[PDB]
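First comes the structure, then the notes that go with it.
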Amino acid sequence: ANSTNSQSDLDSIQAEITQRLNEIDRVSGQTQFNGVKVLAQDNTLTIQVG
Amino acid sequence: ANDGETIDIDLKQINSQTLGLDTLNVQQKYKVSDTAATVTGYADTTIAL
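As they're listed, the protein sequences go chains I and F.
Everything in the first sequence is counted per the authors' numbering, starting at 100 for the first residue and increasing by one.
Everything in the second sequence is counted per the authors' numbering, starting at 150 for the first residue and increasing by one.
The following block contains the structure:
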């Protein structure tokens, strides 16, 4: 937001913002436990404890 | 962890040309002057006598 930045600098910072987004999405997709994508959907997993 | 889960690194050639500075010159043309040349004497050739 600083007025002490040129528009070229705005685009420059957009670059790193997009990189952060890309890495977040990559982790989301690629993380997995025993064939479960713990972040890929809205899920309920029941554990038999009786 | 599986086939096709990589990260893409990109590389670009760098040189005077690809940076366009290969054509950089700072000189300025001198004023050209000269004088007629005295072509002296003779020189032997392969033309047999």
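Think of the CB as a built atom: it goes at the ideal place given N, C-alpha and C, for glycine as much as any other residue.
- Residue-level contact check: I:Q118 does not touch chain F, since none of the beta carbons of chain F fall below 8 Å from its beta carbon.
- Proximity of I:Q129 to chain F, defined by a Cβ-Cβ separation below 8 Å, is satisfied.
- When secondary structure is reduced to three states using DSSP, F:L170 falls in the helix class.
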